[PDB]
file work_35.cif (mmCIF, C-alpha atoms)
data_coords
loop_
_atom_site.label_atom_id
_atom_site.label_comp_id
_atom_site.auth_asym_id
_atom_site.auth_seq_id
_atom_site.Cartn_x
_atom_site.Cartn_y
_atom_site.Cartn_z
CA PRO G 1 129.91 -101.61 32.31
CA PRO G 2 127.47 -102.41 29.49
CA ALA G 3 127.02 -99.75 26.84
CA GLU G 4 123.89 -97.67 27.46
CA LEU G 5 120.90 -98.33 25.25
CA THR G 6 120.75 -96.17 22.13
CA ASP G 7 117.80 -94.41 20.50
CA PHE G 8 116.45 -95.73 17.23
CA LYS G 9 113.39 -95.37 15.04
CA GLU G 10 111.01 -98.18 15.97
CA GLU G 11 109.76 -100.09 12.93
CA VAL G 12 109.22 -103.59 14.30
CA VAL G 13 107.13 -104.30 17.39
CA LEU G 14 106.60 -107.63 19.08
CA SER G 15 103.21 -108.83 20.21
CA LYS G 16 103.42 -110.96 23.39
CA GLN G 17 101.17 -113.98 22.88
CA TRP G 18 101.80 -115.92 26.08
CA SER G 19 104.33 -116.26 28.87
CA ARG G 20 104.96 -119.08 31.30
CA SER G 21 107.54 -119.33 34.07
CA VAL G 22 109.47 -122.54 34.16
CA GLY G 23 111.17 -123.07 37.46
CA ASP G 24 114.25 -120.85 38.05
CA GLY G 25 115.36 -120.86 34.39
CA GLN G 26 119.14 -121.17 34.19
CA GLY G 27 119.55 -120.85 37.94
CA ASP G 28 123.26 -120.54 38.76
CA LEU G 29 124.45 -122.51 35.72
CA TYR G 30 127.26 -121.04 33.64
CA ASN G 31 126.09 -123.09 30.65
CA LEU G 32 122.57 -122.92 29.13
CA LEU G 33 119.36 -124.98 29.13
CA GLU G 34 117.61 -124.53 25.78
CA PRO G 35 113.88 -125.05 25.14
CA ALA G 36 113.00 -127.16 22.16
CA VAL G 37 109.91 -127.57 20.00
CA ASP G 38 108.44 -130.76 18.54
CA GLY G 39 105.31 -130.23 16.50
CA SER G 40 102.83 -128.04 18.30
CA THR G 41 104.56 -128.39 21.70
CA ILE G 42 107.49 -126.51 23.29
CA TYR G 43 109.45 -128.19 26.07
CA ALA G 44 111.55 -126.35 28.62
CA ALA G 45 113.70 -127.28 31.57
CA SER G 46 115.09 -125.40 34.50
CA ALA G 47 118.12 -125.73 36.73
CA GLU G 48 115.94 -126.67 39.71
CA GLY G 49 114.71 -129.71 37.83
CA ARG G 50 111.32 -128.46 36.71
CA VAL G 51 110.44 -129.54 33.20
CA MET G 52 107.35 -128.47 31.27
CA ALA G 53 105.49 -129.18 28.06
CA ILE G 54 103.48 -126.24 26.75
CA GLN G 55 101.16 -125.90 23.80
CA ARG G 56 103.39 -123.56 21.80
CA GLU G 57 100.64 -121.41 20.36
CA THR G 58 98.32 -121.03 23.37
CA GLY G 59 100.62 -121.30 26.31
CA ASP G 60 98.43 -124.00 27.85
CA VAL G 61 100.48 -126.19 30.19
CA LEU G 62 100.25 -129.80 28.99
CA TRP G 63 102.33 -131.26 31.76
CA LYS G 64 104.89 -130.33 34.42
CA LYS G 65 107.42 -132.61 36.09
CA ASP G 66 109.51 -131.71 39.12
CA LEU G 67 112.58 -133.87 38.97
CA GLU G 68 114.09 -132.44 42.12
CA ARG G 69 117.66 -132.62 41.02
CA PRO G 70 120.17 -130.29 39.31
CA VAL G 71 119.39 -130.30 35.65
CA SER G 72 122.42 -129.07 33.67
CA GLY G 73 121.83 -130.19 30.16
CA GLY G 74 118.65 -129.89 28.27
CA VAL G 75 116.02 -130.00 26.51
CA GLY G 76 116.49 -132.86 24.10
CA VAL G 77 113.27 -134.04 22.46
CA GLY G 78 112.03 -136.43 19.84
CA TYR G 79 110.42 -139.73 19.08
CA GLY G 80 108.39 -139.81 22.27
CA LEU G 81 111.02 -138.69 24.77
CA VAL G 82 112.07 -135.49 26.48
CA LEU G 83 115.68 -135.71 27.71
CA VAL G 84 117.81 -133.91 30.28
CA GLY G 85 121.18 -134.37 31.93
CA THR G 86 122.16 -133.61 35.50
CA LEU G 87 125.33 -132.34 37.17
CA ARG G 88 125.53 -135.76 38.84
CA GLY G 89 125.83 -137.34 35.42
CA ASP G 90 122.28 -138.62 35.22
CA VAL G 91 120.48 -138.76 31.89
CA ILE G 92 116.74 -138.78 32.49
CA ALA G 93 114.14 -139.65 29.92
CA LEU G 94 110.55 -138.47 30.30
CA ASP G 95 107.52 -139.45 28.24
CA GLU G 96 106.92 -136.66 25.77
CA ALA G 97 103.15 -136.91 26.02
CA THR G 98 102.71 -137.13 29.80
CA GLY G 99 105.98 -136.15 31.45
CA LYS G 100 106.20 -139.49 33.24
CA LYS G 101 109.76 -140.55 34.01
CA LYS G 102 110.73 -143.49 31.79
CA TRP G 103 114.30 -144.20 32.88
CA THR G 104 117.45 -142.75 34.34
CA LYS G 105 121.00 -143.66 33.35
CA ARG G 106 124.01 -142.61 35.41
CA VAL G 107 126.78 -141.70 33.08
CA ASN G 108 130.59 -141.17 33.69
CA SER G 109 130.66 -137.38 33.79
CA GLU G 110 128.49 -134.24 34.01
CA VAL G 111 126.06 -133.67 31.15
CA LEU G 112 126.06 -129.96 30.26
CA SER G 113 124.10 -130.08 27.01
CA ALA G 114 120.90 -131.53 25.56
CA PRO G 115 120.98 -135.19 24.63
CA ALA G 116 119.88 -135.99 21.04
CA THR G 117 117.71 -138.87 19.94
CA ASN G 118 116.71 -140.70 16.79
CA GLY G 119 114.20 -142.83 18.69
CA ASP G 120 116.54 -145.83 18.81
CA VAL G 121 119.62 -144.34 20.49
CA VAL G 122 119.96 -141.33 22.77
CA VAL G 123 123.32 -139.62 22.20
CA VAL G 124 124.82 -137.83 25.10
CA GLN G 125 127.83 -135.64 25.04
CA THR G 126 129.67 -135.31 28.34
CA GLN G 127 131.71 -132.51 29.90
CA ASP G 128 134.84 -134.65 29.39
CA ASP G 129 134.44 -135.18 25.63
CA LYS G 130 132.75 -138.58 25.47
CA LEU G 131 129.84 -139.42 23.27
CA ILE G 132 127.72 -142.13 24.79
CA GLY G 133 124.87 -143.92 23.00
CA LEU G 134 122.10 -145.16 25.23
CA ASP G 135 119.16 -147.38 24.30
CA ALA G 136 116.12 -145.09 23.88
CA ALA G 137 113.82 -147.68 25.44
CA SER G 138 115.76 -148.48 28.63
CA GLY G 139 118.80 -146.18 28.98
CA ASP G 140 121.23 -149.13 28.78
CA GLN G 141 124.58 -148.24 27.25
CA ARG G 142 124.90 -149.24 23.60
CA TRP G 143 128.27 -147.67 22.77
CA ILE G 144 130.85 -145.14 23.83
CA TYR G 145 133.16 -142.97 21.83
CA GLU G 146 136.06 -141.75 23.84
CA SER G 147 139.00 -140.25 22.01
CA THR G 148 138.74 -137.63 24.69
CA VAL G 149 141.38 -138.10 25.86
CA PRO G 150 141.80 -135.46 28.67
CA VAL G 151 141.44 -132.74 30.05
CA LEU G 152 140.37 -131.66 33.55
CA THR G 153 140.43 -127.90 32.90
CA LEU G 154 138.04 -127.80 29.94
CA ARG G 155 134.30 -128.36 30.00
CA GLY G 156 132.58 -129.24 26.76
CA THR G 157 129.17 -127.65 26.66
CA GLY G 158 128.39 -128.47 23.00
CA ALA G 159 125.22 -130.39 22.16
CA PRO G 160 125.34 -133.38 19.87
CA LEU G 161 123.28 -133.34 16.66
CA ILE G 162 121.91 -136.27 14.72
CA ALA G 163 122.13 -135.78 10.98
CA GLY G 164 121.26 -138.99 9.23
CA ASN G 165 122.86 -142.10 10.54
CA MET G 166 125.52 -139.77 12.01
CA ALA G 167 125.89 -138.08 15.38
CA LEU G 168 127.95 -134.85 15.13
CA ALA G 169 129.74 -133.17 18.03
CA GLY G 170 132.13 -130.31 18.65
CA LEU G 171 134.41 -131.44 21.40
CA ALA G 172 136.11 -129.29 24.00
CA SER G 173 139.44 -130.42 22.55
CA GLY G 174 138.65 -128.44 19.42
CA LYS G 175 137.84 -131.36 17.19
CA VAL G 176 134.48 -131.89 15.39
CA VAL G 177 133.54 -135.54 14.96
CA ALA G 178 130.92 -137.54 13.12
CA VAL G 179 130.25 -141.04 14.43
CA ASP G 180 127.92 -143.83 13.40
CA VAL G 181 124.85 -143.30 15.54
CA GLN G 182 124.13 -147.01 15.80
CA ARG G 183 127.66 -148.27 16.58
CA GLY G 184 129.56 -145.23 17.87
CA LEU G 185 132.45 -145.71 15.43
CA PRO G 186 134.00 -142.63 13.91
CA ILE G 187 133.12 -141.60 10.31
CA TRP G 188 135.20 -138.40 10.20
CA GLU G 189 137.15 -136.05 12.50
CA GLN G 190 138.11 -132.43 11.73
CA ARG G 191 140.19 -130.14 13.88
CA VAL G 192 138.72 -126.65 13.82
CA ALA G 193 139.85 -124.90 16.98
CA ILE G 194 143.30 -123.41 17.52
CA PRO G 195 145.44 -125.92 19.40
CA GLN G 196 145.48 -125.57 23.17
CA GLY G 197 148.79 -124.98 24.91
CA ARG G 198 149.49 -125.02 28.54
CA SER G 199 149.17 -121.73 30.11
CA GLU G 200 145.54 -122.24 30.98
CA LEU G 201 146.18 -125.19 33.29
CA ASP G 202 145.10 -123.08 36.26
CA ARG G 203 141.68 -122.11 34.97
CA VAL G 204 138.54 -123.93 33.95
CA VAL G 205 137.24 -122.91 30.52
CA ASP G 206 133.94 -123.87 28.90
CA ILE G 207 134.28 -124.81 25.18
CA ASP G 208 131.47 -125.05 22.65
CA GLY G 209 132.01 -125.25 18.87
CA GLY G 210 128.75 -123.37 18.24
CA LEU G 211 127.50 -125.98 15.78
CA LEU G 212 124.66 -125.15 13.35
CA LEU G 213 123.46 -127.82 10.95
CA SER G 214 121.77 -126.61 7.74
CA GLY G 215 121.46 -129.28 5.07
CA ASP G 216 124.91 -130.45 3.99
CA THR G 217 126.65 -127.58 5.82
CA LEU G 218 127.77 -127.75 9.44
CA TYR G 219 128.79 -124.32 10.70
CA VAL G 220 131.36 -124.37 13.48
CA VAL G 221 131.74 -120.81 14.69
CA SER G 222 132.45 -120.67 18.45
CA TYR G 223 135.93 -122.11 18.87
CA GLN G 224 138.33 -119.28 19.74
CA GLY G 225 139.29 -117.48 17.65
CA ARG G 226 138.36 -119.03 14.34
CA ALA G 227 135.19 -119.93 12.39
CA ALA G 228 134.55 -122.58 9.75
CA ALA G 229 131.93 -124.44 7.76
CA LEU G 230 132.26 -128.17 7.09
CA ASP G 231 130.61 -130.58 4.68
CA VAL G 232 128.42 -132.78 6.88
CA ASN G 233 129.13 -136.00 4.96
CA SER G 234 132.95 -135.82 4.89
CA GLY G 235 134.09 -133.20 7.40
CA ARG G 236 135.85 -131.38 4.58
CA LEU G 237 136.59 -127.69 5.23
CA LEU G 238 134.35 -125.55 2.97
CA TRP G 239 135.78 -122.27 4.30
CA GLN G 240 137.35 -120.77 7.40
CA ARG G 241 137.76 -117.31 8.94
CA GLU G 242 140.60 -116.32 11.27
CA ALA G 243 140.64 -113.67 13.99
CA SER G 244 137.00 -114.28 14.95
CA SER G 245 135.05 -115.56 16.92
CA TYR G 246 131.36 -115.82 17.54
CA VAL G 247 128.72 -116.68 20.12
CA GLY G 248 126.76 -118.28 17.29
CA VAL G 249 125.48 -118.04 13.74
CA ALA G 250 122.13 -117.99 11.93
CA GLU G 251 121.12 -118.19 8.24
CA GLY G 252 118.74 -115.92 6.39
CA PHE G 253 118.23 -114.22 3.04
CA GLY G 254 121.19 -116.03 1.51
CA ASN G 255 123.53 -114.63 4.16
CA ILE G 256 124.75 -115.57 7.62
CA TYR G 257 124.59 -113.49 10.76
CA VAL G 258 126.84 -113.78 13.78
CA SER G 259 127.10 -112.19 17.18
CA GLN G 260 130.20 -111.79 19.35
CA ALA G 261 129.29 -111.84 23.06
CA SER G 262 131.49 -108.76 23.55
CA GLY G 263 128.92 -106.80 21.62
CA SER G 264 128.98 -106.78 17.90
CA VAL G 265 126.56 -108.31 15.47
CA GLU G 266 127.52 -108.72 11.85
CA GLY G 267 126.09 -109.93 8.58
CA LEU G 268 128.39 -111.86 6.27
CA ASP G 269 128.02 -113.41 2.85
CA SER G 270 127.06 -117.10 2.47
CA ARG G 271 130.71 -118.15 2.62
CA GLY G 272 131.80 -115.86 5.43
CA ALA G 273 134.26 -114.07 3.18
CA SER G 274 133.05 -110.49 3.22
CA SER G 275 131.13 -108.41 5.72
CA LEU G 276 127.74 -106.96 4.77
CA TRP G 277 127.31 -104.79 7.85
CA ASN G 278 128.41 -104.44 11.44
CA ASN G 279 126.58 -103.07 14.47
CA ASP G 280 128.86 -102.23 17.42
CA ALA G 281 126.42 -100.40 19.62
CA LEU G 282 125.68 -103.25 22.07
CA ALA G 283 129.31 -103.13 23.19
CA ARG G 284 129.57 -104.88 26.51
CA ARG G 285 126.06 -106.26 26.72
CA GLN G 286 126.91 -109.99 26.66
CA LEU G 287 124.92 -111.14 23.64
CA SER G 288 123.25 -114.48 22.99
CA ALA G 289 123.66 -116.32 19.71
CA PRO G 290 121.58 -114.69 16.96
CA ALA G 291 118.28 -115.81 15.44
CA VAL G 292 116.65 -114.69 12.24
CA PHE G 293 112.96 -113.83 12.78
CA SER G 294 111.29 -112.67 9.60
CA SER G 295 113.50 -109.86 8.20
CA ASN G 296 115.23 -109.30 11.55
CA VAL G 297 118.36 -110.54 13.22
CA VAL G 298 117.69 -110.84 16.93
CA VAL G 299 119.95 -111.12 19.97
CA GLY G 300 119.29 -111.19 23.69
CA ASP G 301 121.46 -109.32 26.21
CA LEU G 302 122.47 -109.33 29.85
CA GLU G 303 119.73 -106.88 30.86
CA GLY G 304 117.00 -109.10 29.35
CA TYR G 305 116.34 -107.17 26.15
CA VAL G 306 116.01 -108.73 22.76
CA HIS G 307 117.18 -106.39 20.02
CA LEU G 308 115.88 -106.62 16.47
CA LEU G 309 118.28 -105.53 13.70
CA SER G 310 117.45 -105.20 10.03
CA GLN G 311 118.82 -108.12 8.02
CA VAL G 312 119.76 -105.69 5.22
CA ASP G 313 121.41 -102.93 7.23
CA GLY G 314 122.10 -104.08 10.76
CA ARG G 315 120.31 -100.99 12.10
CA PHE G 316 118.11 -101.32 15.16
CA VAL G 317 114.44 -101.62 14.18
CA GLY G 318 113.01 -103.15 17.36
CA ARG G 319 113.62 -103.82 21.04
CA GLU G 320 111.67 -105.63 23.75
CA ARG G 321 112.48 -106.29 27.37
CA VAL G 322 111.81 -109.98 28.03
CA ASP G 323 113.32 -111.14 31.37
CA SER G 324 115.39 -108.68 33.39
CA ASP G 325 117.66 -111.46 34.63
CA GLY G 326 118.98 -111.52 31.03
CA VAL G 327 118.58 -113.56 27.86
CA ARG G 328 121.52 -115.87 27.08
CA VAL G 329 119.72 -118.53 25.11
CA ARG G 330 119.42 -118.11 21.35
CA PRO G 331 115.86 -117.05 20.60
CA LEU G 332 113.94 -119.93 19.06
CA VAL G 333 112.16 -119.07 15.85
CA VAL G 334 109.57 -121.40 14.42
CA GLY G 335 107.96 -119.80 11.38
CA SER G 336 106.05 -116.72 12.51
CA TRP G 337 106.68 -117.32 16.21
CA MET G 338 109.66 -116.63 18.44
CA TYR G 339 110.19 -118.07 21.91
CA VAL G 340 112.60 -116.35 24.23
CA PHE G 341 113.78 -118.01 27.40
CA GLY G 342 114.99 -115.67 30.09
CA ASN G 343 117.63 -116.48 32.67
CA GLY G 344 115.05 -116.32 35.43
CA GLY G 345 112.85 -118.85 33.61
CA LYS G 346 110.42 -116.55 31.79
CA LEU G 347 109.47 -118.31 28.56
CA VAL G 348 107.77 -115.80 26.28
CA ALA G 349 106.21 -116.27 22.87
CA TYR G 350 106.12 -113.38 20.41
CA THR G 351 104.81 -112.66 16.98
CA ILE G 352 105.55 -109.50 15.03
CA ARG G 353 102.76 -106.91 15.16
CA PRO G 354 100.15 -106.73 13.62
CA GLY G 355 100.35 -110.48 13.10
#

call {"tool": "encode", "arguments": {"input": "work_35.cif", "output": "structure tokens"}}
result
Amino acid sequence: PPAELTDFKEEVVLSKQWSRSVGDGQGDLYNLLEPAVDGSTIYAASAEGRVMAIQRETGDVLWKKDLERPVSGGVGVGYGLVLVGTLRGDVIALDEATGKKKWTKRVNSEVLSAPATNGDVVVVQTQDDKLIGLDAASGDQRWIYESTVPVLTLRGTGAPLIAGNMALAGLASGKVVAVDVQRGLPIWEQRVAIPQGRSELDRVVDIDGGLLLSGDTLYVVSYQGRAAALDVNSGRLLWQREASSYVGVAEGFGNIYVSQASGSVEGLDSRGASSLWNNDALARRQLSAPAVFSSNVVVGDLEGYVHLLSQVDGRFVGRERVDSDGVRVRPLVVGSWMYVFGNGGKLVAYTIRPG
């Protein structure tokens, strides 16, 4: 039973600029569809197959597309495409400016995360730990990286990231890899997660490394029950923490901030050595990954609240109910704006009052 909400002295108040419903949001997915921004537009998909492009400051709908099929991985955007994956293993590319379908490629396995693109190749990470590179123009397969090698009881829900000429991925098997984005050949591989054993051969578990790319640092914080940061160019371990682990991580003010779904949020130093503060009060509230919005750390919970915590102290300074079906997706902060995507599909844009 989630911990009851606690009283606090309100110091930070959100101003709701616009809200738009996109389909059924996450529907019955166990994984998450994440909206993404490119320039002045925010793009969002829903489990029912509805995809939208919205002017991110006004809320004006630029285009909608009803794909009429089970979208399970999404939004990828860039270089003129919006990209989603389906539970049937389809990767569908839509024109970023009009929403017109450009192509569809049926891939080997379910796609449970947003494809990435550099405008030449679309990189798709599958439930069964393959990275597939597709031609951005046609969808035709360019390369495949399959060290998978199993396993039927894990689902990888990590999204691939393009750094330079590298595609990075945290695989369900617990290994982070960097491959050549043009050829699909490995550049480095680094085991971060604790090795699997058996005795979870009778259960299906979803695995995500919780990747966050910031410059030369790739944070990998969501493998149980460890957390690490890697050099993006070599895979070298910069630091690690045992006895974790975290729903996700965010940077701000020279520190990092983590949440643990089970209901703590914590600030740590740059190198995750020492703890700056810890707020336990959201005990069983099933937190999203954290975002830093101005001087606040923010997390969504199962009841649909976003909580704002002081970056200095961890104390509650703000709270806003967004979508009562819950907020599981990391709030998306772009400068002075924050976009929260509720489980029922409410996409809401906030600024901090009086701005």

call {"tool": "atom_distance", "arguments": {"input": "work_35.cif", "atom1": "atom CA of residue G:45", "atom2": "atom CA of residue G:259"}}
result
24.8 Å

call {"tool": "closest_residue", "arguments": {"input": "work_35.cif", "among": "G:29, G:265, G:218, G:287", "to": "residue G:73", "atoms": "only C-alpha atoms"}}
result
G:29

call {"tool": "resolve_selection", "arguments": {"input": "work_35.cif", "expression": "the PyMOL selection byres ((chain G and resi 230) around 12)", "output": "compact mmCIF listing (two decimals) with C-alpha atoms, keeping the file's coordinate frame"}}
result
# COMPACT_ATOMS: atom_id res chain seq x y z
CA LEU G 168 127.95 -134.85 15.13
CA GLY G 170 132.13 -130.31 18.65
CA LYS G 175 137.84 -131.36 17.19
CA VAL G 176 134.48 -131.89 15.39
CA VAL G 177 133.54 -135.54 14.96
CA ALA G 178 130.92 -137.54 13.12
CA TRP G 188 135.20 -138.40 10.20
CA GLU G 189 137.15 -136.05 12.50
CA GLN G 190 138.11 -132.43 11.73
CA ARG G 191 140.19 -130.14 13.88
CA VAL G 192 138.72 -126.65 13.82
CA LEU G 211 127.50 -125.98 15.78
CA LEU G 212 124.66 -125.15 13.35
CA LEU G 213 123.46 -127.82 10.95
CA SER G 214 121.77 -126.61 7.74
CA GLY G 215 121.46 -129.28 5.07
CA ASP G 216 124.91 -130.45 3.99
CA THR G 217 126.65 -127.58 5.82
CA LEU G 218 127.77 -127.75 9.44
CA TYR G 219 128.79 -124.32 10.70
CA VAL G 220 131.36 -124.37 13.48
CA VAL G 221 131.74 -120.81 14.69
CA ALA G 227 135.19 -119.93 12.39
CA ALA G 228 134.55 -122.58 9.75
CA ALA G 229 131.93 -124.44 7.76
CA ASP G 231 130.61 -130.58 4.68
CA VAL G 232 128.42 -132.78 6.88
CA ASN G 233 129.13 -136.00 4.96
CA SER G 234 132.95 -135.82 4.89
CA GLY G 235 134.09 -133.20 7.40
CA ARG G 236 135.85 -131.38 4.58
CA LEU G 237 136.59 -127.69 5.23
CA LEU G 238 134.35 -125.55 2.97
CA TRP G 239 135.78 -122.27 4.30
CA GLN G 240 137.35 -120.77 7.40
CA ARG G 271 130.71 -118.15 2.62

call {"tool": "atom_distance", "arguments": {"input": "work_35.cif", "atom1": "atom CA of residue G:40", "atom2": "atom CA of residue G:54"}}
result
8.7 Å

call {"tool": "resolve_selection", "arguments": {"input": "work_35.cif", "expression": "the PyMOL selection byres ((chain G and resi 330-334) around 10)", "output": "JSON list (two decimals) with C-alpha atoms, keeping the file's coordinate frame"}}
result
[["chain", "number", "residue", "atom", "x", "y", "z"],
["G", 32, "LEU", "CA", 122.57, -122.92, 29.13],
["G", 34, "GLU", "CA", 117.61, -124.53, 25.78],
["G", 35, "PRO", "CA", 113.88, -125.05, 25.14],
["G", 36, "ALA", "CA", 113.00, -127.16, 22.16],
["G", 37, "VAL", "CA", 109.91, -127.57, 20.00],
["G", 56, "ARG", "CA", 103.39, -123.56, 21.80],
["G", 247, "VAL", "CA", 128.72, -116.68, 20.12],
["G", 248, "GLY", "CA", 126.76, -118.28, 17.29],
["G", 249, "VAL", "CA", 125.48, -118.04, 13.74],
["G", 250, "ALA", "CA", 122.13, -117.99, 11.93],
["G", 287, "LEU", "CA", 124.92, -111.14, 23.64],
["G", 288, "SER", "CA", 123.25, -114.48, 22.99],
["G", 289, "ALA", "CA", 123.66, -116.32, 19.71],
["G", 290, "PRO", "CA", 121.58, -114.69, 16.96],
["G", 291, "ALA", "CA", 118.28, -115.81, 15.44],
["G", 292, "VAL", "CA", 116.65, -114.69, 12.24],
["G", 293, "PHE", "CA", 112.96, -113.83, 12.78],
["G", 294, "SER", "CA", 111.29, -112.67, 9.60],
["G", 298, "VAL", "CA", 117.69, -110.84, 16.93],
["G", 299, "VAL", "CA", 119.95, -111.12, 19.97],
["G", 300, "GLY", "CA", 119.29, -111.19, 23.69],
["G", 306, "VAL", "CA", 116.01, -108.73, 22.76],
["G", 327, "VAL", "CA", 118.58, -113.56, 27.86],
["G", 328, "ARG", "CA", 121.52, -115.87, 27.08],
["G", 329, "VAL", "CA", 119.72, -118.53, 25.11],
["G", 335, "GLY", "CA", 107.96, -119.80, 11.38],
["G", 336, "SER", "CA", 106.05, -116.72, 12.51],
["G", 337, "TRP", "CA", 106.68, -117.32, 16.21],
["G", 338, "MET", "CA", 109.66, -116.63, 18.44],
["G", 339, "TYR", "CA", 110.19, -118.07, 21.91],
["G", 340, "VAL", "CA", 112.60, -116.35, 24.23],
["G", 341, "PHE", "CA", 113.78, -118.01, 27.40],
["G", 342, "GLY", "CA", 114.99, -115.67, 30.09],
["G", 348, "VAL", "CA", 107.77, -115.80, 26.28],
["G", 349, "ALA", "CA", 106.21, -116.27, 22.87],
["G", 350, "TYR", "CA", 106.12, -113.38, 20.41],
["G", 351, "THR", "CA", 104.81, -112.66, 16.98]]

call {"tool": "residues_around", "arguments": {"input": "work_35.cif", "residues": "residue G:59", "least_positions_apart": "4", "cutoff": "8 Å", "atoms": "all atoms listed in the file", "output": "mmCIF file with C-alpha atoms, in the frame of the given file"}}
result
data_model
loop_
_atom_site.group_PDB
_atom_site.id
_atom_site.type_symbol
_atom_site.label_atom_id
_atom_site.label_comp_id
_atom_site.auth_asym_id
_atom_site.auth_seq_id
_atom_site.Cartn_x
_atom_site.Cartn_y
_atom_site.Cartn_z
ATOM 1 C CA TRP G 18 101.800 -115.920 26.080
ATOM 2 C CA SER G 19 104.330 -116.260 28.870
ATOM 3 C CA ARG G 20 104.960 -119.080 31.300
ATOM 4 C CA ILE G 54 103.480 -126.240 26.750
ATOM 5 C CA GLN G 55 101.160 -125.900 23.800
#

call {"tool": "residues_around", "arguments": {"input": "work_35.cif", "residues": "residue G:275", "least_positions_apart": "3", "cutoff": "10 Å", "atoms": "only C-alpha atoms", "output": "list in words"}}
result
residues 255, 256, 257, 266, 267, 268, 269, 272 and 278 of chain G

call {"tool": "resolve_selection", "arguments": {"input": "work_35.cif", "expression": "the PyMOL selection byres ((chain G and resi 261-263) around 6)", "output": "PyMOL selection string"}}
result
chain G and resi 247+260+264+282-287

call {"tool": "residues_around", "arguments": {"input": "work_35.cif", "residues": "residue G:38", "least_positions_apart": "6", "cutoff": "12 Å", "atoms": "all atoms listed in the file", "output": "number ranges by chain"}}
result
G: 44, 53-56, 75-82, 96-97, 334

call {"tool": "residues_around", "arguments": {"input": "work_35.cif", "residues": "residue G:51", "least_positions_apart": "6", "cutoff": "8 Å", "atoms": "only C-alpha atoms", "output": "list in words"}}
result
residues 22, 23, 43, 44, 45, 64, 65, 66 and 67 of chain G

call {"tool": "residues_around", "arguments": {"input": "work_35.cif", "residues": "residue G:128", "least_positions_apart": "4", "cutoff": "12 Å", "atoms": "only C-alpha atoms", "output": "ChimeraX atom specification"}}
result
/G:89,107-113,124,132,145-158,170-173,206-207

call {"tool": "atom_distance", "arguments": {"input": "work_35.cif", "atom1": "atom CA of residue G:186", "atom2": "atom CA of residue G:91"}}
result
22.8 Å

call {"tool": "closest_residue", "arguments": {"input": "work_35.cif", "among": "G:133, G:254, G:225, G:139", "to": "residue G:181", "atoms": "all atoms listed in the file"}}
result
G:133

call {"tool": "closest_residue", "arguments": {"input": "work_35.cif", "among": "G:320, G:180, G:140, G:280", "to": "residue G:352", "atoms": "only C-alpha atoms"}}
result
G:320

call {"tool": "closest_residue", "arguments": {"input": "work_35.cif", "among": "G:10, G:208, G:68, G:24", "to": "residue G:325", "atoms": "all atoms listed in the file"}}
result
G:24
